[PDB]
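A.B. asks: Build me a model from this:
(2 chains, ligands or ions: 1)
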Amino acid sequence: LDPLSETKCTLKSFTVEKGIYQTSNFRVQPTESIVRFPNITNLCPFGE
Amino acid sequence: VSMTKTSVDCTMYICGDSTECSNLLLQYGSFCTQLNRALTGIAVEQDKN
Ligand SMILES: *[C@@H]1O[C@H](CO[C@@H]2O[C@@H](C)[C@@H](O)[C@@H](O)[C@@H]2O)[C@@H](O[C@@H]2O[C@H](CO)[C@@H](O)[C@H](O)[C@H]2NC(C)=O)[C@H](O)[C@H]1NC(C)=O
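C.D. replies: Numbers count the residues shown, from 1 in each chain, chains lettered A, B, ... in the order given. Shown next is the protein structure:
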């Protein structure tokens, strides 16, 4: 919900003392997926 | 008098960005929270010292 609710869960307590508390490390998530393969197009000769 | 303060994200060290590894790491319970708790106790003591 909010940084205080994350602090309550990280301390496993509904009440929190005066302090500074380590909570989950943040992370910028990926915006899109990029696929890069060679521009080879001809199928492989497996019948042979 | 002091040493370098270090923090670790135990999940980013073990599993960095894999959700599959992160779901498997939850099977061990408290260990990563204990590791972060122990390094936090060391880091607060460098300022105390
Ligand atoms: C290897 O052969 C199979 C099937 O055997 C052949 O079937 C005829 C097509 C003819 O060539 C007969 O002399 C052989 O006995 C191939 O399977 C066919 O694949 C196509 C797509 O390429 C598909 O549309 C057909 O429905 C399939 N037919 C059957 C009967 O399965 C298969 O593609 C060949 N393997 C490889 C790796 O090329």
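A.B. asks: I'd like to know how far residue A:4 sits from residue B:8.
C.D. replies: 24 Å (C-beta to C-beta, to the nearest Å). In this view, the C-beta of every residue, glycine as well, is placed from N, C-alpha and C.
A.B. asks: Those two - which one has more neighbours?
C.D. replies: residue B:8 (14 against 11; other C-beta atoms under 10 Å in any protein chain shown).
A.B. asks: contacting residues for that one?
C.D. replies: Contacts for residue B:8 (C-beta atoms under 8 Å, 6 or more residues apart in numbering or on different chains) come out as B:35, B:36, B:39.
A.B. asks: Next, count neighbours for the second one.
C.D. replies: Summarising burial for residue B:36: neighbours were counted as other C-beta under 10 Å, giving 18.
A.B. asks: What residues does residue 22 make contact with?
C.D. replies: The chain I'm using is chain A. A:10, B:7, B:36, B:40.
A.B. asks: I was after chain B.
C.D. replies: For residue B:22, the contacting residues are B:11, B:15, by C-beta under 8 Å, 6+ apart.
A.B. asks: Adding distance to residue A:29, write the contacts of residue A:22 out as CSV.
C.D. replies: As requested, those are exported to CSV (distance: C-beta to C-beta, whole Å):
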residue, distance to residue A:29
A:10, 21
B:7, 22
B:36, 22
B:40, 26
